[PDB]
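For reference, the structure is listed below as structure tokens.
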Amino acid sequence: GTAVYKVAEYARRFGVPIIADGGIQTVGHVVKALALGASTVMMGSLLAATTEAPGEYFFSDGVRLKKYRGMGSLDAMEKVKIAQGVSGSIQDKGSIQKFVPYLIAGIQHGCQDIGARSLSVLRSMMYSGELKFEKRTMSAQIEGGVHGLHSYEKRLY
Amino acid sequence: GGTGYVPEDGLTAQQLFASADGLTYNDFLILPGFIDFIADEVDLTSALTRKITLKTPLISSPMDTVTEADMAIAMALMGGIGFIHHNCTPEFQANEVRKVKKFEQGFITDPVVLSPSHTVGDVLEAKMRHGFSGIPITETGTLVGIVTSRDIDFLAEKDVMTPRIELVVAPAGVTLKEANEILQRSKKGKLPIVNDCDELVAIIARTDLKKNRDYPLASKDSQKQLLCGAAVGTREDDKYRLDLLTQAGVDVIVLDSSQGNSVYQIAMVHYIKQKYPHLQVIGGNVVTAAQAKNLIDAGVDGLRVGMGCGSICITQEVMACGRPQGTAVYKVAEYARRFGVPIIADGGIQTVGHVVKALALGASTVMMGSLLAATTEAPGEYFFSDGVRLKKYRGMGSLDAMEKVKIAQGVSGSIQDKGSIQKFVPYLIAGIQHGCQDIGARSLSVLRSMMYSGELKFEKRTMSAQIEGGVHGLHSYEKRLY
Amino acid sequence: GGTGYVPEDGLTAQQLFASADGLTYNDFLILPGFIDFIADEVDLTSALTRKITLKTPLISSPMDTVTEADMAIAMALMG
Amino acid sequence: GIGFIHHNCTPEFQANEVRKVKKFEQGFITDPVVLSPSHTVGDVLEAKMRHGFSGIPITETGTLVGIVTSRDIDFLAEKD
Ligand SMILES: NC(=O)c1ccc[n+]([C@@H]2O[C@H](COP(=O)([O-])OP(=O)(O)OC[C@H]3O[C@@H](n4cnc5c(N)ncnc54)[C@H](O)[C@@H]3O)[C@@H](O)[C@H]2O)c1
Ligand SMILES: Nc1ncnc2c1ncn2[C@@H]1O[C@H](COP(=O)(O)OP(=O)(O)OP(=O)(O)O)[C@@H](O)[C@H]1O
Ligand SMILES: Nc1ncnc2c1ncn2[C@@H]1O[C@H](COP(=O)(O)OP(=O)(O)OP(=O)(O)O)[C@@H](O)[C@H]1O
Ligand SMILES: Nc1ncnc2c1ncn2[C@@H]1O[C@H](COP(=O)(O)OP(=O)(O)OP(=O)(O)O)[C@@H](O)[C@H]1O
Ligand SMILES: Nc1ncnc2c1ncn2[C@@H]1O[C@H](COP(=O)(O)OP(=O)(O)OP(=O)(O)O)[C@@H](O)[C@H]1O
Ligand SMILES: O=c1[nH]cnc2c1ncn2[C@@H]1O[C@H](COP(=O)(O)O)[C@@H](O)[C@H]1O
Ligand SMILES: O=c1[nH]cnc2c1ncn2[C@@H]1O[C@H](COP(=O)(O)O)[C@@H](O)[C@H]1O
């Protein structure tokens, strides 16, 4: 968040747009990244393990999992070394053609909650002080999720 | 001189929120003051709206797994109120509001009645369907005698209709004491009620009076019926629903919505205030004072505060928008008390301490969804898993509730049984009273007066302070609240 | 005058990063504003570079388990 | 068929069991809990909490004056 805000603030002085690259896990992360000044949001793992993603699904513990690894992992440098990445597995998400519209609708509903009819208007509100923010202690984030239940199922789309 | 000297220890509510951290209920404590009274003198009288006033700051949330006729009735009996959900056809909700408005404290609601042009098998069907087998039959529907269980237990065929010997009835309408007397003096089970025309208007079943307790905290309107609320949306279809709901005599309308500061909510507020100037409208949800200002100008009578804090909510990790609930409650209540509007701390309540903190930060009423769900008055039927009785509890923005492009802002889950409202809400009331006594406030109005004047002091809690503030250092333990 | 009055609630993005904590996405929220339109009027048009312009702010990362011809095609189809 | 009462009990216990069988009478009651007018309204509450029924055919000492049943006590809070 800090990186995105600071680099976007410096780069908007020169009309350069930046790309919030990494750490995206929900649609809310996308809305926050776009609100802090990122013009585009690059997603690696939110898109991996879909039908359009390279590699073939495998199986483990009865869930369809593709492979997801970092370009700085060891298993990817093999194509003294210091791995700056990790190789792992992501459960199937479906297809891009049914997932990316979910993100688009989520981004739109978030931007409507905010009160911004456009992403350019969203960033205009952010830079002019009209868009307000709010920190969250760790308790506020625990409360901001799902709590107080015995068990539950979360369906996004 | 005058007033005295107390040392300054702790933060005021203004200093507590000056650091602009996202404080929530678990993040702070209230420092104790001076006890000069007992816990039972605490006056929990709360302002639900500008003109409505309850005797218990509890509300049940308009969710389809929380509030229907049963819980609304229970809550209004215990001193609070309920808000019937609108995840149903408008006539369903209006019928629920009516069912509440005609509860009448010991009589029967919607009594299954039959007619002489029936068989002796219809009463067997009623037994297998509803549960009772004593029916006050009469001409067509809703006075000839009653057919009860002790009239059919020696038959094996479906064609008993007790004659007019039951001179044990009430003339027009009697108190519960008169009914107690007539039952003691008449020794039978059904006590039908008649009028000058001598038609079935009401009926009393003996099992009711055998366990009819008292409810001193009334929550009743002028005509002495229970209060009831109703969630209506803000689309075009909801004006018809609002018509049906005011025809049933609903006392208060909450504009059910995630983000209540829209042109739609303001339009609907204006429509309601222009059409039924007697209706008390509650707008929400709002977490900032700008939203509160828009809605208070529009003319709401109360505000409903909370966005993302609910137990089944995922709005914040989906829409990225919300506020920590302690901060939201404090800020919106501080802005709304400038206009005499009372707010409703809506969401995130999990203990009695959360209720005391919400009321201390300025909330006049505290709305509870999951703290009340999975009780006996809550809609839906218990199921089983891992040997614990669990009802269903879901969010009105979940997928399983929109199914009655799509983005779920809620989650469906299960809550273990809590018991009944009539034994749980008194636990909360006693807890609120003992908390308010620890604080040193003899009423909720005095509590908020202490908070706004700097007399009530607060205290933050690092995460370590919250770990320590719970149960720790034990091998294993059992926590019984009540 | 001629701009209205809204109460000040919450931090601006400048004040949010003035404390110099290491804030990330999970550390803050956006406070809501005024809805005067529907969710489907939101124009997600984004500037990828100085001259390129997409209609959806999403990109797939250049990683060997994410983007090849198939996902690139799909992503460009979705905007 | 038939049963055979065990004798892992005192002889009087087993004889009482044999008697209880020999006087079953098909629809009547065996060992009816009966009270006497020189009792309180609390003895019937004790009978309810002990056996389960609350309808007792009271009479002079044991085993005829009328019966006291459940629908005669459900509006009282004192033991006379
Ligand atoms: N934190 C919260 O309080 C919270 C959060 C999410 C969901 N919910 C519950 O979810 C329920 C419904 O889900 P929701 O979040 O989408 O609320 P909602 O009923 O307001 O959803 C309606 C959607 O269409 C728009 N809308 C409302 N009225 C409209 C009108 N006349 N014309 C055009 N558009 C209109 C709104 O922007 C909204 O996106 C609500 O009853 C609410 O109780 C509550
Ligand atoms: N016609 C009726 N209509 C609606 N509710 C009734 C009716 N009769 C009894 N009840 C309600 O349902 C409950 C059951 O009544 P109750 O069991 O005491 O008498 P009953 O009808 O004779 O049943 P049973 O023969 O099993 O004893 C009552 O508490 C009362 O609230
Ligand atoms: N107000 C009443 N007046 C006169 N008779 C009544 C009245 N209520 C019920 N009865 C009659 O008294 C008899 C007994 O009915 P009652 O309601 O007292 O018990 P029940 O629920 O029918 O059966 P049980 O005694 O096993 O619970 C019935 O024949 C019934 O017709
Ligand atoms: N004095 C009694 N002594 C022994 N057994 C009795 C007695 N009264 C009832 N019972 C027996 O115990 C059972 C109790 O059923 P019953 O309906 O007759 O109780 P009751 O008189 O209606 O009191 P309650 O209202 O508590 O049910 C009967 O099946 C019967 O076999
Ligand atoms: N043979 C009987 N003759 C006259 N009165 C009786 C007789 N048996 C019971 N009663 C009386 O009639 C009334 C009805 O009581 P009854 O035995 O029918 O049911 P109960 O067990 O008392 O209550 P419930 O209906 O819940 O079972 C009682 O006041 C009782 O004193
Ligand atoms: O091997 C790696 N080590 C560390 N970071 C990587 C590596 N490969 C890719 N990345 C970055 O991680 C991002 C993945 O996004 P995310 O996993 O969805 O958070 C990519 O867009 C790259 O910027
Ligand atoms: O579907 C939903 N998604 C997010 N929040 C909801 C939803 N339905 C109800 N709520 C809110 O969550 C509250 C539930 O309170 P709680 O679960 O006891 O914290 C309700 O009073 C509503 O304000």
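By order of appearance in the structure tokens: chains A, B, ..., then residues from 1 within every chain, and ligands from 1 in the order shown.
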
For residue 8 in chain A, work out the shell of residues within 10 Å, counting only C-alpha atoms and skipping chain neighbours fewer than 5 positions away, then give it as a list in words. residues 2, 3, 13, 15, 16, 17, 18, 19, 20, 36, 37, 38 and 39 of chain A

Deliver the residues from the most recent selection as a file, using N, CA and C atoms, as a PDB file, in the first residue's frame.
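The file below, again-v3.pdb, is the result:
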```
ATOM      1  N   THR A   2       1.840   1.303   0.880  1.00  0.00           N
ATOM      2  CA  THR A   2       2.751   2.437   0.927  1.00  0.00           C
ATOM      3  C   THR A   2       3.508   2.590  -0.380  1.00  0.00           C
ATOM      4  N   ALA A   3       4.045   1.492  -0.905  1.00  0.00           N
ATOM      5  CA  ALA A   3       4.780   1.559  -2.159  1.00  0.00           C
ATOM      6  C   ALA A   3       3.905   2.108  -3.268  1.00  0.00           C
ATOM      7  N   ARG A  13       3.289  13.119 -11.188  1.00  0.00           N
ATOM      8  CA  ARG A  13       3.884  14.395 -11.537  1.00  0.00           C
ATOM      9  C   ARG A  13       4.419  14.409 -12.953  1.00  0.00           C
ATOM     10  N   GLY A  15       2.998  12.259 -15.410  1.00  0.00           N
ATOM     11  CA  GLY A  15       2.035  11.605 -16.264  1.00  0.00           C
ATOM     12  C   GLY A  15       2.272  10.135 -16.491  1.00  0.00           C
ATOM     13  N   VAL A  16       3.200   9.529 -15.773  1.00  0.00           N
ATOM     14  CA  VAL A  16       3.439   8.094 -15.893  1.00  0.00           C
ATOM     15  C   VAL A  16       2.388   7.351 -15.076  1.00  0.00           C
ATOM     16  N   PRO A  17       1.761   6.318 -15.620  1.00  0.00           N
ATOM     17  CA  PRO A  17       0.927   5.440 -14.806  1.00  0.00           C
ATOM     18  C   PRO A  17       1.704   4.247 -14.278  1.00  0.00           C
ATOM     19  N   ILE A  18       1.325   3.809 -13.084  1.00  0.00           N
ATOM     20  CA  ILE A  18       2.011   2.726 -12.405  1.00  0.00           C
ATOM     21  C   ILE A  18       1.093   1.514 -12.348  1.00  0.00           C
ATOM     22  N   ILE A  19       1.680   0.366 -12.029  1.00  0.00           N
ATOM     23  CA  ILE A  19       0.981  -0.910 -11.985  1.00  0.00           C
ATOM     24  C   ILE A  19       1.196  -1.514 -10.608  1.00  0.00           C
ATOM     25  N   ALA A  20       0.132  -1.600  -9.821  1.00  0.00           N
ATOM     26  CA  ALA A  20       0.180  -2.254  -8.519  1.00  0.00           C
ATOM     27  C   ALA A  20       0.393  -3.742  -8.723  1.00  0.00           C
ATOM     28  N   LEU A  36      -5.378   4.173  -4.235  1.00  0.00           N
ATOM     29  CA  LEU A  36      -4.132   4.797  -3.830  1.00  0.00           C
ATOM     30  C   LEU A  36      -3.371   5.410  -4.985  1.00  0.00           C
ATOM     31  N   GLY A  37      -3.833   5.253  -6.216  1.00  0.00           N
ATOM     32  CA  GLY A  37      -3.198   5.876  -7.357  1.00  0.00           C
ATOM     33  C   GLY A  37      -2.743   4.928  -8.436  1.00  0.00           C
ATOM     34  N   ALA A  38      -2.739   3.623  -8.209  1.00  0.00           N
ATOM     35  CA  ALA A  38      -2.376   2.698  -9.265  1.00  0.00           C
ATOM     36  C   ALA A  38      -3.378   2.787 -10.396  1.00  0.00           C
ATOM     37  N   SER A  39      -2.878   2.873 -11.616  1.00  0.00           N
ATOM     38  CA  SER A  39      -3.761   2.915 -12.766  1.00  0.00           C
ATOM     39  C   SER A  39      -4.161   1.534 -13.235  1.00  0.00           C
TER      40      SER A  39
END
```

Name the residues, by chain letter and number, that sit within 10 Å of ligand 5 using only C-alpha atoms and all ligand atoms, and give them as a ChimeraX atom specification. /B:149-150,184-189,206-207 /D:53-57,66-74

Fewer than 4 positions away in the same chain doesn't count, so skip those; otherwise give me all residues within 12 Å of residue 156 in chain A, counting only C-alpha atoms, as a list in words.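 The filter keeps residues 26, 27, 93, 99, 102, 103, 105 and 106 of chain A; 313, 314, 315, 317, 318, 319, 397, 398, 399, 400, 405, 406, 407, 408, 409, 410, 411 and 412 of chain B.
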
Since we have the selection now, will you write its residues out, keeping N, CA and C atoms, as a PDB file, in the first residue's frame?
```
ATOM      1  N   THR A  26      -8.005 -10.224  -2.987  1.00  0.00           N
ATOM      2  CA  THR A  26      -9.437 -10.022  -3.025  1.00  0.00           C
ATOM      3  C   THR A  26      -9.738  -8.912  -4.015  1.00  0.00           C
ATOM      4  N   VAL A  27     -11.023  -8.649  -4.224  1.00  0.00           N
ATOM      5  CA  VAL A  27     -11.411  -7.493  -5.018  1.00  0.00           C
ATOM      6  C   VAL A  27     -11.155  -6.218  -4.237  1.00  0.00           C
ATOM      7  N   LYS A  93      -9.827 -22.141  -9.891  1.00  0.00           N
ATOM      8  CA  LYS A  93     -10.736 -21.016  -9.754  1.00  0.00           C
ATOM      9  C   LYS A  93     -11.845 -21.024 -10.786  1.00  0.00           C
ATOM     10  N   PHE A  99     -14.411 -15.412 -14.243  1.00  0.00           N
ATOM     11  CA  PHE A  99     -13.812 -14.838 -13.049  1.00  0.00           C
ATOM     12  C   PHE A  99     -13.546 -13.351 -13.205  1.00  0.00           C
ATOM     13  N   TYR A 102     -16.369 -11.207 -12.542  1.00  0.00           N
ATOM     14  CA  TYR A 102     -16.633 -11.070 -11.116  1.00  0.00           C
ATOM     15  C   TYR A 102     -15.817  -9.934 -10.527  1.00  0.00           C
ATOM     16  N   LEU A 103     -14.531  -9.871 -10.872  1.00  0.00           N
ATOM     17  CA  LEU A 103     -13.700  -8.770 -10.413  1.00  0.00           C
ATOM     18  C   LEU A 103     -14.210  -7.444 -10.940  1.00  0.00           C
ATOM     19  N   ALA A 105     -17.277  -6.530 -11.803  1.00  0.00           N
ATOM     20  CA  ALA A 105     -18.469  -6.152 -11.063  1.00  0.00           C
ATOM     21  C   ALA A 105     -18.128  -5.760  -9.633  1.00  0.00           C
ATOM     22  N   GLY A 106     -17.176  -6.454  -9.013  1.00  0.00           N
ATOM     23  CA  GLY A 106     -16.776  -6.088  -7.672  1.00  0.00           C
ATOM     24  C   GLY A 106     -16.113  -4.730  -7.619  1.00  0.00           C
TER      25      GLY A 106
ATOM     26  N   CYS B 313     -20.480 -10.608   7.555  1.00  0.00           N
ATOM     27  CA  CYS B 313     -20.156  -9.642   6.522  1.00  0.00           C
ATOM     28  C   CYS B 313     -18.792  -9.891   5.904  1.00  0.00           C
ATOM     29  N   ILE B 314     -18.704  -9.659   4.600  1.00  0.00           N
ATOM     30  CA  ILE B 314     -17.413  -9.649   3.930  1.00  0.00           C
ATOM     31  C   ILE B 314     -17.294  -8.409   3.056  1.00  0.00           C
ATOM     32  N   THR B 315     -18.069  -7.369   3.365  1.00  0.00           N
ATOM     33  CA  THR B 315     -18.060  -6.164   2.539  1.00  0.00           C
ATOM     34  C   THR B 315     -16.666  -5.571   2.437  1.00  0.00           C
ATOM     35  N   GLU B 317     -13.616  -6.927   2.774  1.00  0.00           N
ATOM     36  CA  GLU B 317     -12.692  -7.648   1.912  1.00  0.00           C
ATOM     37  C   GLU B 317     -13.247  -7.869   0.523  1.00  0.00           C
ATOM     38  N   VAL B 318     -14.326  -7.195   0.164  1.00  0.00           N
ATOM     39  CA  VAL B 318     -14.866  -7.289  -1.180  1.00  0.00           C
ATOM     40  C   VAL B 318     -14.973  -5.887  -1.752  1.00  0.00           C
ATOM     41  N   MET B 319     -15.664  -5.001  -1.051  1.00  0.00           N
ATOM     42  CA  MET B 319     -15.822  -3.644  -1.543  1.00  0.00           C
ATOM     43  C   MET B 319     -14.734  -2.702  -1.053  1.00  0.00           C
ATOM     44  N   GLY B 397     -26.820 -10.343   2.289  1.00  0.00           N
ATOM     45  CA  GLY B 397     -26.058 -10.166   1.078  1.00  0.00           C
ATOM     46  C   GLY B 397     -25.275 -11.377   0.669  1.00  0.00           C
ATOM     47  N   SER B 398     -25.472 -12.509   1.331  1.00  0.00           N
ATOM     48  CA  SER B 398     -24.861 -13.742   0.880  1.00  0.00           C
ATOM     49  C   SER B 398     -25.496 -14.177  -0.430  1.00  0.00           C
ATOM     50  N   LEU B 399     -24.989 -15.267  -0.991  1.00  0.00           N
ATOM     51  CA  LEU B 399     -25.611 -15.787  -2.198  1.00  0.00           C
ATOM     52  C   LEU B 399     -26.885 -16.547  -1.870  1.00  0.00           C
ATOM     53  N   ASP B 400     -26.840 -17.403  -0.851  1.00  0.00           N
ATOM     54  CA  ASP B 400     -28.009 -18.164  -0.439  1.00  0.00           C
ATOM     55  C   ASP B 400     -29.191 -17.290  -0.039  1.00  0.00           C
ATOM     56  N   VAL B 405     -21.676 -11.737 -11.996  1.00  0.00           N
ATOM     57  CA  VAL B 405     -22.771 -10.782 -12.011  1.00  0.00           C
ATOM     58  C   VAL B 405     -23.184 -10.445 -10.589  1.00  0.00           C
ATOM     59  N   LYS B 406     -23.335 -11.464  -9.752  1.00  0.00           N
ATOM     60  CA  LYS B 406     -23.709 -11.269  -8.361  1.00  0.00           C
ATOM     61  C   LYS B 406     -22.480 -11.339  -7.465  1.00  0.00           C
ATOM     62  N   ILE B 407     -22.418 -10.427  -6.501  1.00  0.00           N
ATOM     63  CA  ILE B 407     -21.273 -10.287  -5.615  1.00  0.00           C
ATOM     64  C   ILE B 407     -21.770 -10.438  -4.190  1.00  0.00           C
ATOM     65  N   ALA B 408     -21.386 -11.522  -3.537  1.00  0.00           N
ATOM     66  CA  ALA B 408     -21.812 -11.736  -2.165  1.00  0.00           C
ATOM     67  C   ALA B 408     -21.027 -10.825  -1.240  1.00  0.00           C
ATOM     68  N   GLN B 409     -21.741 -10.022  -0.464  1.00  0.00           N
ATOM     69  CA  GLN B 409     -21.149  -9.241   0.605  1.00  0.00           C
ATOM     70  C   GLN B 409     -21.410  -9.862   1.963  1.00  0.00           C
ATOM     71  N   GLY B 410     -21.780 -11.133   1.990  1.00  0.00           N
ATOM     72  CA  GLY B 410     -22.158 -11.804   3.214  1.00  0.00           C
ATOM     73  C   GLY B 410     -21.849 -13.272   3.080  1.00  0.00           C
ATOM     74  N   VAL B 411     -22.035 -13.986   4.179  1.00  0.00           N
ATOM     75  CA  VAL B 411     -21.685 -15.394   4.257  1.00  0.00           C
ATOM     76  C   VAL B 411     -22.798 -16.124   4.992  1.00  0.00           C
ATOM     77  N   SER B 412     -23.058 -17.355   4.578  1.00  0.00           N
ATOM     78  CA  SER B 412     -24.026 -18.213   5.237  1.00  0.00           C
ATOM     79  C   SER B 412     -23.312 -19.186   6.160  1.00  0.00           C
TER      80      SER B 412
END
```

Could you check how far CA of residue 182 in chain B sits from atom 3 (N, counted along the ligand's line) of ligand 3, in Å to one decimal?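 Those two atoms sit 10.5 Å apart.
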
Residues within 10 Å of residue 70 in chain C, please, as a PDB file with C-alpha atoms, in the first residue's frame. Count only C-alpha atoms; anything in the same chain fewer than 3 positions from it doesn't count.
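The resulting file, around_5.pdb, is shown below:
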```pdb
ATOM      1  CA  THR A  51      -8.344 -22.815 -17.265  1.00  0.00           C
ATOM      2  CA  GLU A  52      -6.302 -20.308 -19.280  1.00  0.00           C
ATOM      3  CA  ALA A  53      -3.225 -20.614 -17.063  1.00  0.00           C
ATOM      4  CA  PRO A  54      -0.241 -22.622 -18.310  1.00  0.00           C
ATOM      5  CA  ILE A  96     -10.974 -16.338 -16.808  1.00  0.00           C
TER       6      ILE A  96
ATOM      7  CA  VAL C  66       0.168 -17.393 -15.341  1.00  0.00           C
ATOM      8  CA  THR C  67       0.455 -15.768 -18.760  1.00  0.00           C
ATOM      9  CA  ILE C  73      -5.960 -13.713 -25.195  1.00  0.00           C
ATOM     10  CA  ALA C  74      -8.563 -14.132 -22.471  1.00  0.00           C
ATOM     11  CA  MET C  75      -7.402 -11.066 -20.552  1.00  0.00           C
TER      12      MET C  75
END
```

Report as a VMD selection string all protein, DNA and RNA residues lying within 8 Å of residue 108 in chain A, evaluated on only C-alpha atoms, omitting residues in the same chain fewer than 4 positions from it. (chain A and resid 104 112) or (chain C and resid 39 to 42 44)

Non-local contacts of residue 150 in chain A (10 Å; only C-alpha atoms; under 5 positions in same chain excluded) as a ChimeraX atom specification: /B:390,393,413-416

Writing out the chosen residues with N, CA and C atoms as a PDB file, in the first residue's frame:
```pdb
ATOM      1  N   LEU B 390     -27.537 -26.630  15.948  1.00  0.00           N
ATOM      2  CA  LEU B 390     -27.144 -25.448  15.201  1.00  0.00           C
ATOM      3  C   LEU B 390     -28.309 -24.991  14.347  1.00  0.00           C
ATOM      4  N   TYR B 393     -27.575 -19.273  10.186  1.00  0.00           N
ATOM      5  CA  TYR B 393     -27.392 -17.831  10.258  1.00  0.00           C
ATOM      6  C   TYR B 393     -26.654 -17.391   9.013  1.00  0.00           C
ATOM      7  N   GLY B 413     -23.825 -19.331   7.371  1.00  0.00           N
ATOM      8  CA  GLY B 413     -23.208 -20.244   8.304  1.00  0.00           C
ATOM      9  C   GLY B 413     -24.175 -20.833   9.303  1.00  0.00           C
ATOM     10  N   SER B 414     -23.668 -21.248  10.458  1.00  0.00           N
ATOM     11  CA  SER B 414     -24.474 -21.912  11.467  1.00  0.00           C
ATOM     12  C   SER B 414     -24.057 -21.440  12.847  1.00  0.00           C
ATOM     13  N   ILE B 415     -25.032 -21.246  13.725  1.00  0.00           N
ATOM     14  CA  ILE B 415     -24.775 -20.850  15.102  1.00  0.00           C
ATOM     15  C   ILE B 415     -25.317 -21.928  16.025  1.00  0.00           C
ATOM     16  N   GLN B 416     -24.538 -22.277  17.039  1.00  0.00           N
ATOM     17  CA  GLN B 416     -25.007 -23.191  18.067  1.00  0.00           C
ATOM     18  C   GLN B 416     -26.171 -22.575  18.836  1.00  0.00           C
TER      19      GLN B 416
END
```

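A distance search around ligand 6 (6 Å at most, only C-alpha atoms and all ligand atoms) returns the following protein and nucleic acid residues: residues 21, 22, 23, 24, 42, 43, 44, 45, 46, 70, 71, 72, 73, 84 and 85 of chain A; 61 of chain C.
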
Strand (DSSP E) call set, DSSP backbone run, range 195-349 of chain B, as a list in words: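 These are the residues in question: residues 202, 203, 204, 205, 229, 230, 231, 232, 252, 253, 254, 255, 280, 281, 282, 283, 284, 285, 286, 302, 303, 304, 305, 343, 344, 345 and 346 of chain B.
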
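Using only C-alpha atoms, the protein and nucleic acid residues lying no more than 8 Å from residue 439 in chain B, apart from those fewer than 4 places from it along its own chain, are residues 30, 31, 32, 33, 34, 35, 435 and 456 of chain B.
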
Mind listing as a list in words which residues of chain B are within 8 Å of chain C, counting only C-alpha atoms?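 Interface list for chain B against chain C: residues 20, 259, 261, 262, 263, 264, 287, 288, 289, 290, 291, 293, 316, 320, 321, 322, 323 and 331 of chain B.
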
Taking only C-alpha atoms and all ligand atoms into account, which residues have an atom no farther than 7 Å from ligand 2? I'd like them as a list in words.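 The residues near ligand 2 are residues 108, 109, 110, 111, 112, 113, 131, 132, 133, 134, 135, 136, 148, 149, 189, 205, 206, 207 and 208 of chain B.
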
Closest of B:211, B:101, B:51, B:130 to chain D - atom-to-atom distances counting only C-alpha atoms: B:211

Across A:57, A:127, A:157, A:10, the smallest distance to chain B, with only C-alpha atoms counted, is shown by A:157

Which chains and residue numbers are within 7 Å of ligand 7, counting only C-alpha atoms and all ligand atoms, if I want them as JSON, numbers by chain? {"B": [61, 62, 63, 306, 307, 308, 309, 310, 311, 312, 313, 314, 315, 346, 347, 348, 349, 350, 367, 368, 369, 370, 371, 394, 395, 396, 397, 398, 409, 410, 411]}

Give me, as a compact mmCIF listing (two decimals) with N, CA, C and O atoms, in the first residue's frame, the contact residues of chain A against chain B at a cut-off of 6 Å, counting only C-alpha atoms.
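Written output follows (selection_18.txt):
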```txt
# COMPACT_ATOMS: atom_id res chain seq x y z
N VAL A 27 -11.02 -8.65 -4.22
CA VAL A 27 -11.41 -7.49 -5.02
C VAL A 27 -11.16 -6.22 -4.24
O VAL A 27 -10.85 -5.17 -4.82
N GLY A 28 -11.26 -6.28 -2.91
CA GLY A 28 -11.00 -5.11 -2.10
C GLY A 28 -9.57 -4.63 -2.24
O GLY A 28 -9.31 -3.44 -2.22
N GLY A 110 -17.58 -1.61 -5.57
CA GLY A 110 -16.73 -0.88 -4.65
C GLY A 110 -16.64 0.59 -4.99
O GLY A 110 -16.77 1.45 -4.12
N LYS A 135 -7.60 3.89 9.21
CA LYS A 135 -6.76 2.76 9.56
C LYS A 135 -7.58 1.68 10.24
O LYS A 135 -8.77 1.84 10.51
N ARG A 136 -6.94 0.55 10.48
CA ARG A 136 -7.58 -0.60 11.10
C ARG A 136 -6.56 -1.27 12.00
O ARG A 136 -5.58 -1.83 11.51
N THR A 137 -6.78 -1.23 13.31
CA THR A 137 -5.96 -2.04 14.18
C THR A 137 -6.18 -3.51 13.84
O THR A 137 -7.06 -3.86 13.08
N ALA A 140 -9.54 -4.54 14.45
CA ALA A 140 -10.49 -4.07 13.46
C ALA A 140 -10.50 -4.95 12.23
O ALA A 140 -11.53 -5.07 11.57
N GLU A 143 -12.37 -8.22 13.25
CA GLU A 143 -13.79 -7.92 13.19
C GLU A 143 -14.26 -7.69 11.76
O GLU A 143 -15.41 -7.98 11.44
N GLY A 144 -13.39 -7.17 10.90
CA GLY A 144 -13.80 -6.90 9.54
C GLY A 144 -13.97 -8.11 8.67
O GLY A 144 -14.45 -7.98 7.55
N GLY A 145 -13.59 -9.29 9.15
CA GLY A 145 -13.83 -10.53 8.48
C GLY A 145 -15.02 -11.26 9.05
O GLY A 145 -15.98 -10.65 9.53
N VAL A 146 -14.98 -12.58 8.97
CA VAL A 146 -16.06 -13.44 9.46
C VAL A 146 -15.67 -13.95 10.84
O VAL A 146 -14.59 -14.50 11.02
N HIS A 147 -16.57 -13.77 11.80
CA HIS A 147 -16.26 -14.07 13.19
C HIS A 147 -17.54 -14.46 13.91
O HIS A 147 -18.64 -14.21 13.44
N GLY A 148 -17.37 -15.08 15.07
CA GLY A 148 -18.52 -15.40 15.89
C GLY A 148 -19.41 -16.50 15.37
O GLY A 148 -20.52 -16.68 15.88
N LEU A 149 -18.95 -17.27 14.39
CA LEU A 149 -19.74 -18.34 13.81
C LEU A 149 -19.17 -19.69 14.21
O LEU A 149 -18.00 -19.81 14.57
N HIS A 150 -20.02 -20.70 14.16
CA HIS A 150 -19.55 -22.07 14.37
C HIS A 150 -18.80 -22.55 13.13
O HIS A 150 -17.64 -22.97 13.22
N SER A 151 -19.44 -22.50 11.97
CA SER A 151 -18.77 -22.76 10.71
C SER A 151 -19.57 -22.09 9.61
O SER A 151 -20.74 -21.73 9.81
N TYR A 152 -18.94 -21.92 8.46
CA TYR A 152 -19.55 -21.11 7.41
C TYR A 152 -18.93 -21.46 6.07
O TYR A 152 -17.85 -22.04 5.98
N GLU A 153 -19.65 -21.08 5.02
CA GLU A 153 -19.19 -21.24 3.65
C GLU A 153 -19.25 -19.88 2.96
O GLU A 153 -20.28 -19.20 3.02
N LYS A 154 -18.15 -19.50 2.33
CA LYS A 154 -18.03 -18.21 1.66
C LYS A 154 -18.04 -18.46 0.16
O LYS A 154 -17.10 -19.05 -0.38
N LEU A 156 -18.01 -16.24 -3.16
CA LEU A 156 -17.91 -14.90 -3.72
C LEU A 156 -18.85 -14.72 -4.90
O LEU A 156 -19.71 -13.83 -4.90
N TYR A 157 -18.71 -15.56 -5.91
CA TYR A 157 -19.50 -15.47 -7.12
C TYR A 157 -19.89 -16.86 -7.58
O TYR A 157 -19.30 -17.85 -7.13
```
